[PDB]
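>>> Whatever this is, show me its structure:
(2 chains, ligands or ions: 2)
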Amino acid sequence: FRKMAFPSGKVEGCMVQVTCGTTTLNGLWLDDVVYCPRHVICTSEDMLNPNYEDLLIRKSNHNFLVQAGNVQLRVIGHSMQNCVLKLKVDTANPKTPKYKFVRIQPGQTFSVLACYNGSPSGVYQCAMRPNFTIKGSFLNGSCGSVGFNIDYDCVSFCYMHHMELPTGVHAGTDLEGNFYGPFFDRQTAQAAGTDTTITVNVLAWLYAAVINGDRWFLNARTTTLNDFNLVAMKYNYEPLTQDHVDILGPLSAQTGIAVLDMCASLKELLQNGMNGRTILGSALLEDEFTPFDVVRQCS
Amino acid sequence: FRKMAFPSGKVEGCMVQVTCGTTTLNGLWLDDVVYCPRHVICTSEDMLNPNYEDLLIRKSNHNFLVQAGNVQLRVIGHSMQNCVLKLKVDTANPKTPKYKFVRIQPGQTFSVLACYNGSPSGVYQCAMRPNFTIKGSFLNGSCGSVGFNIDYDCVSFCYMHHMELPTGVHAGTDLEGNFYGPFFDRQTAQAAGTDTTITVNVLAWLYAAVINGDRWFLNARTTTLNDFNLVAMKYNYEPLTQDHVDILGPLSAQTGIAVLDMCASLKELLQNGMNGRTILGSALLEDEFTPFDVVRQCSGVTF
Ligand SMILES: O=C(Cn1nnc2ccccc21)N(Cc1cccc(Cl)c1)c1ccc(-c2cnc[nH]2)cc1
Ligand SMILES: O=C(Cn1nnc2ccccc21)N(Cc1cccc(Cl)c1)c1ccc(-c2cnc[nH]2)cc1
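Residues are numbered from 1 along each chain as shown, chains lettered A, B, ... in the order given. Ligands and ions are numbered 1, 2, ... in the order given. Here you go, the structure:
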């Protein structure tokens, strides 16, 4: 049972390099529009305290240099949507997949294609944390890298990378340019809200551990939904809803372990710890697999 | 510090499905040849005790269905090379990347593009265990999925999936059809030998920890490679080769920590444990990042 990302090919065909002055980052080229973080228009001094509408009005189309591989794309128009810059180019991307822009919920997962200078480096799976940060693998130059899910040949873009917080976690926006969380695109120190653990995901992963033959953490106790939620909140776990219980249904049916019986296992795990043991190779409780991620990989 | 697969687009454009009789599996289309596991020609009952040479003699080109999506590629030649079947097709793949076939060492990592009916489903990073199994994520119908590394847009293919073992680990061949490990393509009970920890990768991970400022485990001693190898084997760790010392060279130079000093620090961790401390947030020593994986993720290496 591994962390599994979607194949990246359809997104690879869309990655380009956007340059404004001496600032360079990645852009997403779909049809005849290139999307990228708007802080590409900032000098390093601008970034310290930018007024974006003021900075953008002073830019011309020729200030923007878009490179796809070794081809230069000509910018023929530019506008700004929230924190995203939209460059109209004179060429349509022949590799544009069927796509959608979506805003994901805390606790949902997505694949990230990490890119530098418009070229792909690696792909990995991430979750939107409850505090709206992501635990990414991004170096300097990765801004504009995107997160996505793929369903029946359609790419749903959900994340564009903008920054790294002082703690090393990452923040960004949806494809409409709205940050996830209370962050802003100004280079100043920003703390995130206190993070919590994605409970429905931990339960899914515990089910994955049972499907793969590991039952050491199970027990006989039972719990009610409310009583489990009392303990969950005490340990900074997100509440479990009745829809979460229903979503876990297929995993409950496959294993013959009622959802609330798995909650009693997790409650014992939180109150007693793991006693040096491991689950699915991990010594910590993993919360970045959703029930769907488990179902897709286990079936 | 998290696992990172290679971008999979160059391999996605090479995946096809191969059907013989009622058996469908994945194939790899490069130029005008499709490579796939030879057990596609077996029935499920044949698998119990196959004679591949006899099963192949009764096959003709017109018995093989190769499809790119739903589009048939006409087979115009066939042959068997070890445990892989090579089907010559009448169309050269225009998506063929620059590529090589390589045979990897235990401990080395690769990305696997898990596929079902020729359709890519997911990508993840895998290590070849010292017992020549991989702890992959494969369901039925994933046979023929390949593992690969990328180096400046040359794809090095290193693994083709053939089978699941009773313990749930996976076994396969290189692109020339030679199994990794003492396994065979017959459904007879086979078992993986006892596994060990990949020492060179644990050392790579300790170097990654030092790079990020987590260095409480650096001790004051050194060791010789021979002395270390004899001790490590008592803890079910692999011995180091001369190639292992050399591939740790760049991390040793970047951190200023001699390889044999890091071996001495690891030895102390084995003999005394962690004392409830963590490394890179982990209470366990990670052994599925190679030295190359550490550098690839710490630099912005693109392809
Ligand atoms: O963190 C990043 C960029 N970044 N992203 N991932 C990273 C991983 C490692 C290192 C840096 C990373 N920041 C800081 C920042 C702080 C608060 C808010 C924001 Cl939006 C950015 C940044 C973004 C733009 C510029 C820039 C634009 N023109 C000139 N200079 C300079 C710095
Ligand atoms: O394990 C697998 C295949 N497999 N691989 N990953 C898997 C993940 C989930 C489920 C199955 C998986 N085996 C059993 C086997 C035992 C020892 C050696 C070998 Cl080679 C195979 C197999 C291989 C071919 C056939 C077959 C050929 N024609 C028609 N049916 C039938 C069974």
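>>> so what's residue A:144 up against?
For residue A:144, the residues meeting the contact criterion (C-beta atoms under 8 Å, 6 or more residues apart in numbering or on different chains) are A:18, A:25-28, A:36-37, A:40, A:115, A:160-161. Backbone N, C-alpha and C define where each C-beta goes, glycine included.
>>> Turn these into TSV, including distance to residue A:79.
Listed next are these as TSV, based on distance: C-beta to C-beta, whole Å:
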residue	distance to residue A:79
A:18	14
A:25	18
A:26	19
A:27	14
A:28	15
A:36	12
A:37	14
A:40	14
A:115	23
A:160	16
A:161	21
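>>> Just give me the closest of the residues you listed to chain B.
Proximity of those to chain B (C-beta to the nearest C-beta) peaks at residue A:115, which lies at 7.2 Å.
>>> got a list of what the closest one touches?
A:15, A:26, A:121, A:142, A:144-145, B:302.
>>> Which stretches in the stretch 101-250 of chain A count as helices?
A:199-211, A:225-234, A:242-247, A:249-255 (DSSP state H, counting those that start in this stretch).
>>> ok, residues contacting the first one?
Taking C-beta under 8 Å, 6+ apart as the criterion, the residues outside helix A:199-211 that touch it are A:1, A:107, A:127, A:215, A:217-218, A:232, A:237-241, A:244, A:247-248, A:251-252, A:254-255, A:257, A:259, A:262-263, A:265-266, A:279-280, A:285-291, A:293-294, A:297-298.
>>> Can you go through those and name the buried ones?
Buried members of the contacts of helix A:199-211, counted by 16 or more other C-beta atoms under 10 Å in any protein chain shown: A:1, A:107, A:127, A:217-218, A:232, A:237-238, A:240, A:244, A:247-248, A:251-252, A:255, A:257, A:259, A:262-263, A:265-266, A:279, A:285-291, A:293-294, A:297-298.
>>> For the stretch 51-200 of chain A, what lies in contact range of chain B?
A:113-117, A:119-124, A:135, A:137, A:139-142 (C-beta under 8 Å from any C-beta of the partner chain).
>>> Separate out the buried members of these.
By 16+ other C-beta under 10 Å, these give A:113-117, A:119-124, A:137, A:141-142 as buried.
>>> Taking the residues you listed, tell me the two that lie furthest apart.
Greatest spacing in these, by C-beta to C-beta: A:117 and A:124 (19.1 Å).
>>> how about the residues of the stretch 151-299 of chain A near ligand 1?
A:162-164, A:185-187, A:190 (C-beta under 6 Å from any ligand atom).
>>> Please look at residue A:245 and residue A:259 and confirm they touch.
Yes: with contact defined as C-beta atoms under 8 Å, residue A:245 counts as touching residue A:259 (4.9 Å).
>>> Tell me the buried residues in stretch A:182-191?
Buried residues in stretch A:182-191, counted by 16+ other C-beta under 10 Å: A:183, A:185-186, A:190.
>>> same question, stretch A:159-178
By neighbour count with 16+ other C-beta under 10 Å, stretch A:159-178 contains the buried residues A:159-164, A:169-175, A:177.
>>> what sits opposite residue A:18 in the beta ladder?
Beta-bridge pairing of residue A:18 under DSSP bridges involves residue A:25, residue A:66.
>>> Tell me who's in contact with it.
Contact analysis of residue A:18 by C-beta under 8 Å, 6+ apart lists A:24-27, A:34, A:36, A:40, A:64-66, A:85, A:87, A:118, A:144.
>>> now that we have those residues, which one has the most neighbours?
Within these, residue A:27 tops the neighbour count with 33 neighbours, counted by other C-beta atoms under 10 Å in any protein chain shown.
>>> Quick check: that one touching residue A:20?
No: the criterion here is C-beta under 8 Å, and residue A:27 misses it with residue A:20 at 10.9 Å.
>>> which parts of chain A sit against ligand 2?
Chain A has no residues near ligand 2, with proximity defined as C-beta under 6 Å from any ligand atom.
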